[PDB]
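Let me begin by presenting the structure, written as structure tokens, before commenting on it.
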Amino acid sequence: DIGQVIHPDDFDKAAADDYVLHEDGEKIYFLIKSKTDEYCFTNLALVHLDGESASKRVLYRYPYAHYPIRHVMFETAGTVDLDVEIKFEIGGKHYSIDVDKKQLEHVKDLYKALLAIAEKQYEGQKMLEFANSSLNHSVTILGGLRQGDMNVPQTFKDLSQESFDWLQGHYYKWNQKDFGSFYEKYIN
Amino acid sequence: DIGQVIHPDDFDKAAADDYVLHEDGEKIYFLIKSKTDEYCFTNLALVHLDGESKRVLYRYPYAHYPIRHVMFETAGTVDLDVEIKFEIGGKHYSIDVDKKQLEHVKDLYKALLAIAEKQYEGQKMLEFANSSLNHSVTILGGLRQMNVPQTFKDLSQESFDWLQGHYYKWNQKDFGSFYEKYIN
Amino acid sequence: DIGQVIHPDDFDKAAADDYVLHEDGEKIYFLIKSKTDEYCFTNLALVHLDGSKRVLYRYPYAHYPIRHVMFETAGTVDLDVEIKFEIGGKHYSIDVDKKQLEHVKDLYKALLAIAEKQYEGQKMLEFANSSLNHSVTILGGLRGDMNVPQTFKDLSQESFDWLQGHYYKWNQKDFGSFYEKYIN
Amino acid sequence: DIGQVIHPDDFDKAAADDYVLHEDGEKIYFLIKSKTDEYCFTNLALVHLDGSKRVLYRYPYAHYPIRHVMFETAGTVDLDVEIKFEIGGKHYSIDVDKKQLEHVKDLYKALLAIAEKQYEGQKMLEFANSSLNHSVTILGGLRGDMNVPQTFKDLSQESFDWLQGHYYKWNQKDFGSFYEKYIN
């Protein structure tokens with residue numbers, strides 16, 4: 001069904017705004033409203049109110065951090081067509097959204113934003129891999145040591161921590177939660 | 001059966017309050033009462049009085065029964081109820097609530113969604129904690145010389161403290177603040 | 001058969017009191033008497049007189065864990081409430097006069113707390129054992145000046161103290177404070 | 001469909017310019033427009049508008065290597081020259097007005113240079129990885145006074161910097177200097 005890009009002034013009037021986690025500073029950067037669906041793109045997630053009837057709505061929430069964006073596509077309108085179509089996959093779920101060709105200028109900005117998000121996520125997955133591999137190379141290099149001047153239990157504690165910090169630091173660095181700056185950059 | 005979000009002032013009047021562990025500081029943050037069921041969300045657990053007039057009492061502490069797949073469904077023009085769904089442990093819960101009180105059920109949705117996420121992230125951290133302990137065991141395998149029996153005691157203790165401490169940190173028991181953040 | 005929660009002052013008048021180990025400071029915290037059975041919950045065990053012969057059973061908590069603690073209320077037409085649990089692997093369902101619900105709900109809370117402590121203890125045992133092994137691995141083949149035979153003795157004592165100490169800590173025998181907390 | 005090499009001053013008038021990431025300093029170095037398609041070669045990617053709908057494709061060089069760059073001149077009777085290449089695995093053949101041969105030959109040279117740099121980089125990656133391993137092997141099991149946990153951290157950073165650094169060096173993103181060298 002064909003959708004309308006909503007202006008920022010009318011975000012608070014949208015059904016989707018009730019499900020935005022304003023409490024956690026979640027902010028709406030792009031909203032497309034159709035007769036049957038509402039697609040809300042925030043700094044943290046895609047909030048989607050799915051109408052599977054020609055009036056009840058199923059609420060979905062896909063935080064980017066747990067549901068990566070991939071295969072971002074765009075399709076323009078011909079002379080005879082009334083809509084432009086934007087596509088992507090979030091987690092593994094396929095999204096195809098038809099939008100009033102009048103608002104192409106705006107949908108093209110979303111296309112750019114999503115494309116940039118997908119890439120940052122992709123690159124992050126590559127860095128996680130190196131992060132883990134580096135952890136192993138240390139384990140292998142440092143295997144089989146001597147006591148010398150060593151407090152064994154303290155050293156055992158501290159070593160467990162270093163490993164933890166590295167696995168953790170990298171997990172949160174390369175699975176970033178917030179992509180507001182990406183919408184900020186292209187939605188201007 | 002269609003339920004009513006109960007007001008805080010009427011929590012001590014509810015059948016579920018008798019099964020809340022007031023002795024351990026358990027506090028009710030959300031209660032939905034229907035003609036057949038009673039669903040009590042405390043800081044520590046879901047307490048469910050289930051009718052199929054007898055009531056079967058279930059208790060699902062969050063620490064041992066993780067919340068997953070938190071869903072919400074709104075009311076159409078013709079419908080009288082909004083539905084909140086989730087899985088606690090493996091059990092599927094679907095609770096119909098008076099559409100009039102949507103403002104409150106949406107807050108529960110947000111709370112549950114936040115708990116589920118915290119628990120998910122904690123599971124991943126446990127994996128890191130365990131994997132890290134192995135990496136030290138490997139790096140420190142086969143040594144030199146040291147007071148062997150004192151070292152043996154102390155080293156066993158570190159391992160224990162590490163395993164235990166992480167177990168309790170990432171399987172947190174209390175989620176009161178999550179309800180407090182979205183309800184109040 | 002529908003039972004009656006007995007009052008503390010009438011404990012010494014029950015058939016079950018003859019089988020409580022007063023000599024070891026065993027104290028009755030809850031007794032349900034029916035026309036056929038007698039269920040006696042002490043700090044150390046469930047003593048059950050099963051029936052006009054009676055077969056005596058004793059299930060010390062330390063050797064028979066309590067699990068799957070449930071509760072079931074009465075309907076308008078029912079005269080009883082039912083408390084259920086498994087002790088060791090044995091299934092118990094005990095019908096009690098709905099008039100005494102306030103008391104049976106307390107037993108429910110206590111047994112629930114007992115069961116959880118036992119479960120958590122079984123996890124701690126696992127960490128305790130796993131830690132022992134991690135020191136064995138780290139301390140594997142060493143070197144260094146040392147009184148080998150004394151160190152061998154002392155080392156064997158440490159391992160014994162660890163294994164033993166944790167065995168007694170996480171298979172605790174006495175749960176009197178649990179009953180005390182919820183029956184009080 | 002026979003295309004036209006567009007002049008730099010008319011780049012901002014092409015449909016493709018709307019999809020260039022000016023915000024990240026992406027600059028168009030070569031644009032061929034046909035009645036159905038639009039091929040836009042930037043420092044970072046091939047942007048292709050495929051056709052009155054147009055499907056937008058973007059193939060950043062860093063994720064889609066250019067290979068098998070070919071060229072085909074016009075015969076007396078032909079109106080076009082054809083430039084071919086594979087990007088990722090996708091086959092591209094682009095017919096262009098034989099009048100503009102002088103320009104398409106420059107694109108040919110640039111794409112040829114891009115493709116070679118990418119190939120050579122894939123060999124360097126292989127050496128970079130193989131070298132990492134040779135240090136792991138040489139540095140396998142050591143001894144010596146040492147702050148084990150700091151050394152473990154620092155060591156893990158080095159490996160990360162090596163893996164990362166080489167990843168970015170040999171999968172370079174920007175090939176603007178290549179176009180600049182042959183279109184100038």
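Within each chain, counting starts at residue 1; across the structure tokens, chains are named A, B, ... in the order shown, with ligands numbered 1 upward in that order.
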
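Neighbours of residue 165 in chain A closer than or equal to 12 Å, with only C-alpha atoms counted and sequence neighbours fewer than 6 positions away skipped, come out as residues 131, 135, 158, 159, 171, 172 and 173 of chain A; 125, 128, 129, 131 and 132 of chain B; 149, 152, 153 and 156 of chain D.
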
Quick one: DSSP helix (DSSP H, G or I) residues in chain C, as a PyMOL selection string?
chain C and resi 8-10+15-19+22-24+98-139+148-170+176-183

Export, as a PDB file, in the first residue's frame, the selected residues with C-alpha atoms.
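Saved as selection.pdb:
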ATOM      1  CA  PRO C   8       2.068 -25.692  67.348  1.00  0.00           C
ATOM      2  CA  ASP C   9       0.776 -26.370  70.888  1.00  0.00           C
ATOM      3  CA  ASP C  10      -0.721 -29.645  69.687  1.00  0.00           C
ATOM      4  CA  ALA C  15       1.790 -39.339  66.210  1.00  0.00           C
ATOM      5  CA  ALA C  16       4.556 -37.767  64.093  1.00  0.00           C
ATOM      6  CA  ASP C  17       6.292 -36.196  67.118  1.00  0.00           C
ATOM      7  CA  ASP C  18       7.379 -39.650  68.238  1.00  0.00           C
ATOM      8  CA  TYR C  19       9.514 -39.906  65.110  1.00  0.00           C
ATOM      9  CA  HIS C  22      14.414 -34.240  69.206  1.00  0.00           C
ATOM     10  CA  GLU C  23      17.740 -35.679  70.327  1.00  0.00           C
ATOM     11  CA  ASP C  24      19.424 -33.838  67.431  1.00  0.00           C
ATOM     12  CA  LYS C  98      -9.712 -24.218  52.580  1.00  0.00           C
ATOM     13  CA  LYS C  99     -10.388 -22.469  55.898  1.00  0.00           C
ATOM     14  CA  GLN C 100      -6.704 -22.661  56.716  1.00  0.00           C
ATOM     15  CA  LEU C 101      -5.535 -21.200  53.378  1.00  0.00           C
ATOM     16  CA  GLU C 102      -3.563 -18.488  55.178  1.00  0.00           C
ATOM     17  CA  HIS C 103      -1.325 -21.150  56.670  1.00  0.00           C
ATOM     18  CA  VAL C 104      -0.891 -23.372  53.620  1.00  0.00           C
ATOM     19  CA  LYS C 105       0.100 -20.342  51.593  1.00  0.00           C
ATOM     20  CA  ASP C 106       2.978 -19.830  54.061  1.00  0.00           C
ATOM     21  CA  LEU C 107       4.146 -23.436  53.604  1.00  0.00           C
ATOM     22  CA  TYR C 108       4.000 -22.814  49.864  1.00  0.00           C
ATOM     23  CA  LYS C 109       6.308 -19.799  50.225  1.00  0.00           C
ATOM     24  CA  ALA C 110       8.739 -21.707  52.488  1.00  0.00           C
ATOM     25  CA  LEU C 111       8.977 -24.802  50.281  1.00  0.00           C
ATOM     26  CA  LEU C 112       9.443 -22.487  47.257  1.00  0.00           C
ATOM     27  CA  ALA C 113      12.384 -20.799  49.032  1.00  0.00           C
ATOM     28  CA  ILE C 114      13.824 -24.156  50.071  1.00  0.00           C
ATOM     29  CA  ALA C 115      13.652 -25.501  46.508  1.00  0.00           C
ATOM     30  CA  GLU C 116      15.353 -22.452  45.070  1.00  0.00           C
ATOM     31  CA  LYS C 117      18.264 -22.526  47.611  1.00  0.00           C
ATOM     32  CA  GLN C 118      18.814 -26.203  46.767  1.00  0.00           C
ATOM     33  CA  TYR C 119      18.884 -25.535  43.027  1.00  0.00           C
ATOM     34  CA  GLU C 120      21.241 -22.636  43.370  1.00  0.00           C
ATOM     35  CA  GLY C 121      23.468 -24.828  45.595  1.00  0.00           C
ATOM     36  CA  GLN C 122      23.703 -27.469  42.901  1.00  0.00           C
ATOM     37  CA  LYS C 123      25.085 -24.793  40.534  1.00  0.00           C
ATOM     38  CA  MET C 124      27.569 -23.638  43.150  1.00  0.00           C
ATOM     39  CA  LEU C 125      28.703 -27.256  43.544  1.00  0.00           C
ATOM     40  CA  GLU C 126      29.397 -27.403  39.845  1.00  0.00           C
ATOM     41  CA  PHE C 127      31.569 -24.208  40.060  1.00  0.00           C
ATOM     42  CA  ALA C 128      33.325 -25.528  43.146  1.00  0.00           C
ATOM     43  CA  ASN C 129      34.309 -28.698  41.232  1.00  0.00           C
ATOM     44  CA  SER C 130      35.189 -26.929  38.056  1.00  0.00           C
ATOM     45  CA  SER C 131      37.421 -24.546  40.073  1.00  0.00           C
ATOM     46  CA  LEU C 132      39.226 -27.483  41.681  1.00  0.00           C
ATOM     47  CA  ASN C 133      40.165 -28.764  38.272  1.00  0.00           C
ATOM     48  CA  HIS C 134      41.245 -25.401  37.025  1.00  0.00           C
ATOM     49  CA  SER C 135      43.871 -25.315  39.867  1.00  0.00           C
ATOM     50  CA  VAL C 136      44.848 -28.873  39.076  1.00  0.00           C
ATOM     51  CA  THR C 137      45.500 -27.871  35.474  1.00  0.00           C
ATOM     52  CA  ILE C 138      47.368 -24.606  36.374  1.00  0.00           C
ATOM     53  CA  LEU C 139      49.443 -26.358  39.040  1.00  0.00           C
ATOM     54  CA  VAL C 148      57.849 -33.294  48.797  1.00  0.00           C
ATOM     55  CA  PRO C 149      56.094 -35.651  51.359  1.00  0.00           C
ATOM     56  CA  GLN C 150      54.769 -32.879  53.591  1.00  0.00           C
ATOM     57  CA  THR C 151      53.643 -30.864  50.559  1.00  0.00           C
ATOM     58  CA  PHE C 152      51.894 -34.097  49.288  1.00  0.00           C
ATOM     59  CA  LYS C 153      50.028 -34.469  52.588  1.00  0.00           C
ATOM     60  CA  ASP C 154      49.039 -30.795  52.893  1.00  0.00           C
ATOM     61  CA  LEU C 155      48.032 -30.605  49.268  1.00  0.00           C
ATOM     62  CA  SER C 156      45.787 -33.726  49.775  1.00  0.00           C
ATOM     63  CA  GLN C 157      44.243 -31.966  52.855  1.00  0.00           C
ATOM     64  CA  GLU C 158      43.439 -28.814  50.913  1.00  0.00           C
ATOM     65  CA  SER C 159      41.708 -30.731  48.187  1.00  0.00           C
ATOM     66  CA  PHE C 160      39.760 -32.650  50.846  1.00  0.00           C
ATOM     67  CA  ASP C 161      38.797 -29.488  52.681  1.00  0.00           C
ATOM     68  CA  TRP C 162      37.627 -27.857  49.462  1.00  0.00           C
ATOM     69  CA  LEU C 163      35.578 -30.880  48.322  1.00  0.00           C
ATOM     70  CA  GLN C 164      34.149 -31.469  51.759  1.00  0.00           C
ATOM     71  CA  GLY C 165      33.549 -27.877  52.703  1.00  0.00           C
ATOM     72  CA  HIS C 166      31.614 -27.151  49.546  1.00  0.00           C
ATOM     73  CA  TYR C 167      29.679 -30.440  49.856  1.00  0.00           C
ATOM     74  CA  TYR C 168      28.365 -29.388  53.251  1.00  0.00           C
ATOM     75  CA  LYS C 169      27.831 -25.752  52.296  1.00  0.00           C
ATOM     76  CA  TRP C 170      25.742 -26.382  49.159  1.00  0.00           C
ATOM     77  CA  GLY C 176      14.654 -23.983  59.845  1.00  0.00           C
ATOM     78  CA  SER C 177      15.229 -20.291  59.099  1.00  0.00           C
ATOM     79  CA  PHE C 178      13.182 -20.664  55.966  1.00  0.00           C
ATOM     80  CA  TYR C 179      10.113 -21.882  57.820  1.00  0.00           C
ATOM     81  CA  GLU C 180      10.761 -19.337  60.545  1.00  0.00           C
ATOM     82  CA  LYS C 181      10.772 -16.548  57.935  1.00  0.00           C
ATOM     83  CA  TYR C 182       7.430 -17.418  56.334  1.00  0.00           C
ATOM     84  CA  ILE C 183       5.413 -19.069  59.139  1.00  0.00           C
TER      85      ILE C 183
END

Between CA of residue 31 in chain A and CA of residue 112 in chain A, what is the distance, to one decimal in Å?
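Separation between CA of residue 31 in chain A and CA of residue 112 in chain A: 15.3 Å.
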
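Every residue of chain B that lies within 7 Å of chain A is listed here, counting only C-alpha atoms: residues 71, 72, 73, 74, 75, 76, 77, 128, 129, 132, 133, 135, 136, 138, 139, 140, 141, 142, 143, 144, 145, 154, 155 and 158 of chain B.
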
Just N, CA and C atoms for this one: save the residues we selected as a tab-separated table (two decimals), in the first residue's frame.
chain	number	residue	atom	x	y	z
B	71	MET	N	5.77	-8.97	22.22
B	71	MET	CA	4.90	-8.44	21.15
B	71	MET	C	3.71	-7.68	21.70
B	72	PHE	N	3.20	-6.76	20.88
B	72	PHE	CA	2.01	-6.01	21.20
B	72	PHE	C	1.09	-5.94	19.99
B	73	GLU	N	-0.21	-5.87	20.27
B	73	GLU	CA	-1.23	-5.79	19.23
B	73	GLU	C	-2.31	-4.83	19.70
B	74	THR	N	-2.59	-3.82	18.88
B	74	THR	CA	-3.59	-2.78	19.20
B	74	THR	C	-5.01	-3.21	18.85
B	75	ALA	N	-5.97	-2.36	19.21
B	75	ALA	CA	-7.38	-2.63	18.94
B	75	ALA	C	-7.83	-1.93	17.67
B	76	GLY	N	-8.67	-2.60	16.88
B	76	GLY	CA	-9.31	-1.97	15.72
B	76	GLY	C	-10.52	-1.17	16.19
B	77	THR	N	-11.25	-0.59	15.23
B	77	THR	CA	-12.47	0.15	15.54
B	77	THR	C	-13.45	-0.78	16.27
B	128	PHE	N	31.25	-14.60	27.54
B	128	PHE	CA	32.57	-13.96	27.64
B	128	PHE	C	33.30	-14.28	28.95
B	129	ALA	N	32.53	-14.27	30.03
B	129	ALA	CA	33.07	-14.57	31.34
B	129	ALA	C	33.64	-15.99	31.37
B	132	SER	N	36.62	-16.34	29.06
B	132	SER	CA	37.81	-15.66	29.63
B	132	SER	C	38.51	-16.50	30.65
B	133	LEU	N	37.75	-17.19	31.48
B	133	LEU	CA	38.32	-18.06	32.52
B	133	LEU	C	39.17	-19.15	31.91
B	135	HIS	N	40.64	-18.95	28.86
B	135	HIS	CA	41.87	-18.33	28.35
B	135	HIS	C	42.95	-18.16	29.45
B	136	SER	N	42.59	-17.74	30.67
B	136	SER	CA	43.63	-17.70	31.76
B	136	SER	C	44.10	-19.09	32.11
B	138	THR	N	44.30	-21.71	30.24
B	138	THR	CA	45.29	-22.02	29.21
B	138	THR	C	46.62	-21.24	29.33
B	139	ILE	N	46.58	-19.93	29.43
B	139	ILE	CA	47.83	-19.16	29.51
B	139	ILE	C	48.70	-19.56	30.72
B	140	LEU	N	48.06	-19.86	31.85
B	140	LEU	CA	48.75	-20.21	33.09
B	140	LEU	C	48.99	-21.72	33.32
B	141	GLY	N	48.36	-22.61	32.53
B	141	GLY	CA	48.77	-24.04	32.52
B	141	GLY	C	50.31	-24.25	32.54
B	142	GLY	N	50.75	-25.24	33.33
B	142	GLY	CA	52.16	-25.64	33.46
B	142	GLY	C	53.14	-24.56	33.85
B	143	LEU	N	53.54	-24.50	35.12
B	143	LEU	CA	54.35	-23.37	35.59
B	143	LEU	C	55.82	-23.62	36.06
B	144	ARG	N	56.10	-23.38	37.35
B	144	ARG	CA	57.44	-23.39	37.91
B	144	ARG	C	57.38	-23.28	39.45
B	145	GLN	N	58.36	-22.62	40.08
B	145	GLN	CA	58.37	-22.41	41.56
B	145	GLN	C	59.29	-21.28	42.07
B	154	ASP	N	43.88	-20.77	47.12
B	154	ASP	CA	43.63	-19.41	46.62
B	154	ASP	C	43.19	-19.43	45.15
B	155	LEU	N	43.84	-20.26	44.36
B	155	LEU	CA	43.58	-20.34	42.94
B	155	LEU	C	42.18	-20.95	42.77
B	158	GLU	N	39.69	-18.06	43.53
B	158	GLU	CA	39.54	-17.11	42.43
B	158	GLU	C	38.57	-17.71	41.36

Tell me, as a PyMOL selection string, which residues lie within 9 Å of range 39-44 of chain B, counting only C-alpha atoms; anything in the same chain fewer than 2 positions away does not count.
chain B and resi 16-17+20+26-34+37+46-50+60-63+95+173-179
